[PDB]
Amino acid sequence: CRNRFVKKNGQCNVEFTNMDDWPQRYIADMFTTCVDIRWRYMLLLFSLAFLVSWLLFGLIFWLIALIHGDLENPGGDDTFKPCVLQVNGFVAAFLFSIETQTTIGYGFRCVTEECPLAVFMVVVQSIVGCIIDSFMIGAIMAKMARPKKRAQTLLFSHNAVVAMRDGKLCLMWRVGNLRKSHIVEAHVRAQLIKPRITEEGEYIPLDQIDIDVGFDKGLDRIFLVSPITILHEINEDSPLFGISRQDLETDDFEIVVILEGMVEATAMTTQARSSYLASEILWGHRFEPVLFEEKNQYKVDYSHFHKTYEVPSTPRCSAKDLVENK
């Protein structure tokens, strides 16, 4: 009923306001800012950087030509050599600047030995060009390689389920890899999200309470080839210990699930997230299998990935009742 902290696709559902000093901080952390903005604006920013550098140096070569008399004798002759051949106006100056900085250098417009200032500006523009190119290459390479995109080829089940396994009542969900390339050093986390009032009267708008999936024995670390069903044993230390089927069907909470690991090609950590509201957890269900053996290999049928089937033998009471009654 209460709206969700993170959406089914992993997007977090929180807006930040009154962050009054954000412009100064985003400027101080400019690179992060640059790679976070969408492609349109980042490429526009670098376009502007090129345009502005080309125009500035264009203006300088035009002024050098103006003062030297080159606009009146752009090709030169036996008794007059221009600072830069064929700068006859602002457009030609702009072209020479572009041709120099891009290093295209068609050469109709061409610096001469005559003016030390012109030679110096070609030196400076060349160095500046290399600097700007380096910034652009770096920004583009970083934005290209962003590992959050890998979450698009990782899959959480639409539902979580509650069912008995090896004598214990467990909360379960499924994760899968949609590529042949791996997620290295892969590991899973989960949290129960809900508001809470402490015994001292402190209101916590959204508390984040750990859902144990094996950390203490390193069993949170998974080797993900075929889809794996992640298990949370509901025992005396679980926050779901006193939750029966009926409680679940009239409760208001959210289970956030996280898969973290490194994109194999780049070794860069991605964080894939999803969320199960109380109403999206199916008590007394198990996932249909997807893995089956063939002649010389195994195969995964992903069309059954999200499918569940009901298990009538599943206890309807809480895990606490299971121990209390026994």
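Note that residue numbering begins at 1 and tracks the sequence as displayed.
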query: 224-232 or 73-81, whichever carries the higher mean Cα B-factor; finding: 73-81
query: Mean temperature factor over C-alpha atoms, higher-scoring stretch between 26-34 and 284-292; finding: 284-292
query: From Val119, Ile204, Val213, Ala186, residue of greatest CA B-factor; finding: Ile204
query: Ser47 by Cα B-factor - lowest, middle or highest third of the modelled chain; finding: middle
query: Third of chain Cα B-factors occupied by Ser181; finding: middle
query: Where the record places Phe156 (Cα B-factor, split into thirds across the chain); finding: middle
query: Chain-wide C-alpha B factor ranking for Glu254, given as lowest, middle or highest third; finding: middle
query: Modelled-residue ranking by C-alpha temperature factor, third containing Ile209; finding: middle
